[PDB]
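Asks: Supplied in structure tokens, the structure appears directly below.
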Amino acid sequence: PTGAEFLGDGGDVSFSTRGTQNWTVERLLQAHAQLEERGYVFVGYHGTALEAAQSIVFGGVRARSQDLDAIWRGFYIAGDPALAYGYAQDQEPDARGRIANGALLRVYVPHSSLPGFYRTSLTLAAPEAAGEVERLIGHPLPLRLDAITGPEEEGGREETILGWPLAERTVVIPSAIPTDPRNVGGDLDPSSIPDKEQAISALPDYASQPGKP
Ligand SMILES: CN(C)CC(=O)Nc1ccc2[nH]c(=O)c3ccccc3c2c1
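If you use the working numbering, the sequence shown closes out at 215, no skipped numbers anywhere.
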């Protein structure tokens, strides 16, 4: 069960620096409805490079054994697309010093997994956070079949980290929010977010209920 199964009608979708081909907000609305019908729920945005986007959508979300041992390892997403937007690019530059813009993805999880999503009131960089999160999830870090949401730093927007096992149960489709080839390293323009996407982007109640501290 990968995002490729949930793209709806229309042509073949592909990721490009000039936007996701054959993807529109109207198509997203159909896809979203298909995912909801099958029991999935939207949990946030994931920004990544083009090739990674393609892998995630058509091959599925899989851990790639990166930063093993790091207690905060997992699949990073954000309810606010602006936070994800910053990571939507190639990591390493081209042969000629060009870093291409990436893509914004929408991440869906089976509804029955929602009880494993937790929120902290602490910032995740605070030295106390690891221990507070371990108390929420009931086991030592790293995250497993569970997720944590909290601020990245004080005042920061809130990131959600899915444990890799839980992330393997997600399905991911493209967002209709574009990235800008001129605005690599930059901030998302709020006005490029389609209103009709916003309307289907509410998060579950763990994300707004007071964080645990
Ligand atoms: C520099 N990055 C492209 C690679 C990386 O080091 N990690 C990583 C890589 C991709 C990421 N994409 C996300 O949407 C995101 C959202 C909230 C918080 C973190 C992330 C995120 C983090």
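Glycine residues also receive a C-beta, built at the ideal position from the N, C-alpha and C atoms.
(1) Nearest by alpha-carbon distance to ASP92: which of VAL111, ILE150 and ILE101 is it?
(2) Quick one: Cα of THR22 to Cα of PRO176, how far?
(3) When the Cβ atoms of the region 155-164 are set against those of the region 180-194, are three or more pairs found closer than 8 Å?
(4) Using the C-alpha atoms, what's the distance from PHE44 back to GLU130?
(5) What do you get for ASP148, buried or exposed, if any count of 16 or more other CB atoms within 10 angstroms of its CB means buried?
(6) When the Cα atoms are used, what is the spatial distance from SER16 to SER210?
(7) Kindly indicate which three-state DSSP category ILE179 falls into: helix, strand or coil?
(8) Helix, strand or coil for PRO117 per DSSP?
(9) Distance check for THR19 and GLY188, CA to CA, integer angstroms please.
(10) What are the start and end residues of the beta strand (DSSP E) that includes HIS48?
(11) Taking 8 Å as the threshold (C-beta atoms), are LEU190 and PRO153 in contact?
(12) Across the region 26-40 and the region 78-97, are there enough close Cβ pairs to call them in contact, namely three or more that are closer than 8 Å?
(13) Give the DSSP-derived three-state secondary structure of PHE60 in the structure shown.
(14) State the CB to CB distance for the pair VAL111 and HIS48, rounded to an integer number of angstroms; the pair is presumed to be in contact (CB under 8 Å).
(15) Expressed to the nearest angstrom, what Euclidean distance is found between the alpha-carbon atoms of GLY213 and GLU134?
(16) May I have a chain-ordered list of the beta strand (DSSP E) segments no shorter than 3 residues that lie completely inside the region 82-142?
Replies: By the coordinates alone:
(1) Against the sequence shown, residue 92 aligns to sequence position 90. The shortest Cα separation from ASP92 among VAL111, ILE150 and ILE101 belongs to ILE101.
(2) By one-based count along the sequence shown, residue 22 stands at place 20. By one-based count along the sequence shown, residue 176 stands at place 174. The alpha-carbon of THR22 is positioned some 8 Å away from that of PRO176.
(3) Contact between the region 155-164 and the region 180-194 is absent, because fewer than three Cβ pairs lie under 8 Å.
(4) Sequence index remark: in the sequence shown, residue 130 carries index 128 (1-based). Sequence index remark: in the sequence shown, residue 44 carries index 42 (1-based). Looking at the two C-alpha atoms, the distance is approximately 29 Å.
(5) Sequence index remark: in the sequence shown, residue 148 carries index 146 (1-based). Buried, by the Cβ-count rule.
(6) Your numbering for residue 16 matches position 14 in the sequence shown. Your numbering for residue 210 matches position 208 in the sequence shown. Their backbone Cα atoms lie some 34 Å apart in a straight line.
(7) Indexing the sequence shown from 1 puts residue 179 at position 177. Note: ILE179 maps to coil in three-state DSSP.
(8) Translated into positions along the sequence shown, residue 117 becomes position 115. The answer is helix: DSSP assigns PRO117 an H, G or I state.
(9) Here residue 188 refers to the residue found at position 186 when the sequence shown is read from its first residue. Here residue 19 refers to the residue found at position 17 when the sequence shown is read from its first residue. Cα to Cα, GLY188 sits roughly 15 Å from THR19.
(10) Counted from its first residue, the sequence shown places residue 48 at position 46. Its beta strand (DSSP E) spans residues 42-50.
(11) Position 151 of the sequence shown holds residue 153. Position 188 of the sequence shown holds residue 190. No; because the gap between Cβ atoms is not below 8 Å, this pair is not in contact.
(12) Contact between the region 26-40 and the region 78-97 is absent, because fewer than three Cβ pairs lie under 8 Å.
(13) By one-based count along the sequence shown, residue 60 stands at place 58. Three-state DSSP puts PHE60 in a helix.
(14) Taking the first residue of the sequence shown as 1, we reach residue 111 at position 109. Taking the first residue of the sequence shown as 1, we reach residue 48 at position 46. Actually they are not in contact, since the Cβ atoms of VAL111 and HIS48 sit about 12 Å apart, beyond 8 Å.
(15) Here residue 213 corresponds to residue number 211 of the sequence shown, with the count starting at 1. Here residue 134 corresponds to residue number 132 of the sequence shown, with the count starting at 1. Taking the straight line joining both Cα atoms gives about 11 Å.
(16) Segments of the beta strand (DSSP E) lying fully in the region 82-142: 105-112 and 119-121.
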